[PDB]
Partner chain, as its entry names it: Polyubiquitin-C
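Presented below, as structure tokens, is a lone chain in the form deposited without its partner chain.
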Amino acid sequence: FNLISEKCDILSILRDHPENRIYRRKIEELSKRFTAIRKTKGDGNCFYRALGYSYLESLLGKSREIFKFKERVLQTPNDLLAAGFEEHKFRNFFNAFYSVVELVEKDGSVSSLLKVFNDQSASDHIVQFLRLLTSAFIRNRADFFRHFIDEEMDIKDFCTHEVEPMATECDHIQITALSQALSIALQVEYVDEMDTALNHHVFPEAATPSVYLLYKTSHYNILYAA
């Protein structure tokens, strides 16, 4: 469980980490709404790996939701080609992601899903797929995403260097692109109330996110609603 941990009670964030006790107030509030966390490896990939795992986990047993998600996934090869990705280059990453979608579709357990996401090779192929889809999404909407980058930076160069490569850290750009790309309603909770970084992924309670992530200093763990 080196890439995605077993569940820990939310208050482990305080009990195990003296360094977090300054965030006691936020964590104790979150503990009213969320019961548990899974920890993700801090390797530059944690957003993609957290969102992939958490969303597929959210689908287990929801056969209609799985069906509609499989349809979106079967369309992604065309989105990738429209963005200039050749099939022979994305095939193995598509196949890894398709495989874990079929695992969830065929009754699939949390245990079997965790095993794929803790397999370095399978998990990193899934992350690479999610990175290419993120890049494809941004490239296809250069006009929109152009607003959020460095004027001197080309959108294609941003994607080449800050989205496609493994271990490249996310900003709100990649979170927006991937969530829109797969229609994953995501909510990000912050550990640190004093962190001023604008949150583009917090909505009112009445919204129905699939995935809740817990953010601190470039790192995203998975949250479980109470």
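Residues that one form lacks are left out of the comparison. Here the rigid core means the biggest group of C-alpha atoms that line up within 1.5 Å when the two forms are laid on top of each other. Positions refer to the first chain, counted from 1.
What follows is about the form deposited with its partner chain bound, which we do not show.
Of the residues given (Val73, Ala142, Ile149, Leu113), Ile149 alone sits with a heavy atom within 4.5 Å of its partner chain in the entry with it bound. For the options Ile173, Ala181, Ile66, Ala36, the one in contact with its partner chain in the entry with it bound, meaning a heavy atom within 4.5 Å, is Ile173. Annotated contacts: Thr208, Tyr212 and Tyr224 are all free of its partner chain in the entry with it bound [non-hydrogen atom within 4.5 angstroms]. Comparing 115-123, 98-106, 149-157, 85-93 against its partner chain in the entry with it bound, the single stretch with non-hydrogen atoms within 4.5 angstroms of it is 149-157. A residue is said to contact a partner when one of its heavy atoms sits within 4.5 Å of a partner heavy atom; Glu169 meets this definition for its partner chain in the entry with it bound.
Contact between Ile27 and its partner chain in the entry with it bound is not found at the 4.5 Å heavy atom cutoff. Although the partner is absent here, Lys41 sits far enough away that none of its heavy atoms falls within 4.5 Å of its partner chain in the entry with it bound. When contacts are judged by a 4.5 Å heavy atom cut-off, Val163 does not count as touching its partner chain in the entry with it bound. Once both forms are overlaid on the rigid core, the distance between the two CA positions of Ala197 between this form and the one not shown is 2 angstroms or more. For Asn20, the Cα coordinates differ by 2 angstroms or more between this form and the one not shown after the core has been superposed.
Panel note: the distance between the CA atoms of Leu11 and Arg21 is larger in the entry with it bound than in this form, the difference being 3 Å or more. Here's the thing about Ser31 and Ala206: their CA atoms end up at least 3 Å farther apart in the entry with it bound than they are in this form.
In this core-based overlay, residues 15-17, 19-22, 193-207 form runs of three or more whose Cα positions differ by 2 Å or more between this form and the one not shown.
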